[PDB]
Every structure is written in C-alpha cells, then in structure tokens.
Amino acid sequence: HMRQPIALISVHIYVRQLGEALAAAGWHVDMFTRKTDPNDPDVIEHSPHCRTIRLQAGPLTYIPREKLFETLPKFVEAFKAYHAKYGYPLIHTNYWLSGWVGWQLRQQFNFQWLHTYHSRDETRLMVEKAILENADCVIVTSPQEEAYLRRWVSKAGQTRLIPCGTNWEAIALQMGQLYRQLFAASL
C-alpha cells in the first residue's frame, strides 16, 4: 500500500513475524537485526518483497539487550548503507534500543518513524522520552504498558494500542492502516 520500501529495525520474534505478515498484505519489507555469529548469512529472503538483513554491528556474538547500547553507532552506520540506496520512507523501530537508531536517523533524514514500545535506567528513560517526543507514532502492546509509559516515562507523543497476540495477519492489518494514515497526513 501507500509508499514502498519500508524498514523494520530490531537490533536485538516481534519484527520477523510482523514484516512477513505485512509483506503478505503487499508491503515491501526489509527487516534489520544484528549479526550474532561470523557465519551468519547477510540476507535471508522470506519472499520476493520480504527479507531479513543481518548487519555486522559490534561483536559477532550473542549480546543481551542490557549490553547492546554501545553497539548502536555501528548499527546506525551499517544501516545507513542500505538506507542510502533504498531511501525507506517509513522506518519502524522495535524496543528502545532500536529506537535510538531511529532517533539518530530521524535527526538526519525525513521519514515516517513508528516505534513499538516494550517493557542504564538513566539512559533508557532519556532515550524513551526522546522517542516519544519525536516519533510520529509509538505503539504499545497492552494498556498496562501504556499506563507504565504515562506514569513513569512521559505523557508526550502519540501512542496507539496494537495488542500482543499470535494473529499476525490481524496485527499487520492494523499496522498497515497506521502506515497509510501517516503517509496521507503529508498535507
């Protein structure tokens, strides 16, 4: 629908399943995550318009989320080689760490930026505030996490409820609709 090459970013199963259901509905989807082994493949094609791209960004090993922040400037540089060619009009970031990447990108480029929230503290809170303030839309997966965000992080920004679940077709349809809403708001 609406506008073509979209990028989902998950530095660290939410994104993999979303992008495949999105592409089933017709979106051209490139999903980016980090490499965690030097024998990892660079591109995994799932369908003619859906693939996962694994970027070398920090050590070629499994790094847990609580140690990933320092790898993000490298993830931004690796991603910028793909964004330099594909020019993604929409980028959808997953978890606050990928959102830092989205935040850095949005400071340099003009794209529709959506972010999905999920539930060191000093860094996370400042970054989560920056994302809420500058992203076009932040997705929460339950009222309880929306309640937490508004209580403990910030009241700023636009949040939308797309609930946790195992029906990825349904989720993708709701996400797709948001994408198109964002794109039409160009006026």
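Each residue number is its position in the shown sequence, starting from 1.
The entry models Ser119 and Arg120 with a gap of 10 or more deposited residues left without coordinates. Counting the deposited residues that fall between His12 and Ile13 and carry no coordinates gives a value of 10 or more. Look at the C-alpha B-factors of 36-44 and of 137-145. On average they run higher in 36-44. Note on 125-133 vs 59-67: mean CA B-factor is higher in 59-67.
Sorting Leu161, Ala156, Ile53, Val29 by the CA temperature factor given in the entry leaves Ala156 at the top. For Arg150, the recorded CA temperature factor ranks within the lowest third of the chain's modelled residues. For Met175, the recorded CA B-factor ranks within the middle third of the chain. Only modelled residues enter the ranking. Ranked within its chain, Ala25 lands in the highest third, by CA B factor from the PDB record. When the CA B factors of the chain's modelled residues are split into thirds, the value for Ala7 lands in the lowest one. Ranked by C-alpha B-factor against the other modelled residues of its chain, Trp113 falls in the middle third.
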